[PDB]
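Here's a solo chain for you in structure tokens, the form deposited in one PDB entry.
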């Protein structure tokens, strides 16, 4: 109610307050509770192995030196006063690049409570590093984490606990990933023992299961249809060598074009993937079909009956072998 009285109280609290000293200095470690409200996951990139995360990050502790009485109201002070208070040396272990928004002001909130309780909130957009195993891509299921740790202090000086247990991290439900779909998020709290000593550690881990419909429609289906078309050559009269040659080589060319342009579109992740195995299997299949036709034409003149027998045998073997290969591929990667 009295602006001047509140100002006097705040100035008295700030007077004699040494920001260079943590609260309860020389005593038991000060516990800090952390709450994360994930506004949205911006973008996941396999090329850079990173995901952009936008969130509200709030820390909660108690500083005795800041305890004040006579004003029952919680004091949500202006952000600019935050520079005048001790704050935890919280940082994210695996953020490649992070920043705090500043429009129209720094997205920063300080709230004091009569018992000396301090609440400090930030709005952070951080690009965290998530190493991914893409052997089973695009049928992959990644597990991307965000780590939180104190920088200078140890467990003897500061301890981290999740504020609210499994309810501490909110907003997972409303996250919209156009390509992925969040399956499960977990919170872990523990201590990491470096050679220097023990440090607090908090981990927020999501598991993301990748959508597959787009890759089935746009990637696998063209290859399957090209492989099927390659078998048209079998039901062709052997005398019409020109048409069979044109069909086989054109299907091979189409397979090469789709493979290379998919590689161009798909991320440049340099190692083997399931999609690569399937595409090379289809390519080997069409190549073998053309080779079989060449063998048929070669032995066609000497033993036409054996050539016809080979052609009709391939008419069954090639679709059968392709189906068997597809069954093996789907079982292995599902």
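For the two forms, the rigid core is made up of the largest set of C-alpha atoms that agree within 1.5 Å on superposition. Positions refer to the first chain, counted from 1.
Omitted here: the form deposited in another entry. The next part is about that form.
A 2 Å or larger CA shift between this form and the one not shown, after fitting on the rigid core, occurs at just one of 150, 126, 142, 233, namely 233. Relative to the superposed core, residue 266 undergoes a C-alpha shift of no less than 2 Å between this form and the one not shown.
After superposition on the rigid core, the Cα of residue 242 moves by 2 Å or more between this form and the one not shown.
In the core-superposed comparison between this form and the one not shown, residue 256 has its Cα shifted by at least 2 Å.
The pair residue 264 and residue 132 approaches in that other deposited form: their C-alpha atoms are at least 3 Å nearer to each other than in the form depicted.
With a change of no less than 3 Å, the CA-CA distance between residue 95 and residue 265 is smaller in that other deposited form than in the form shown.
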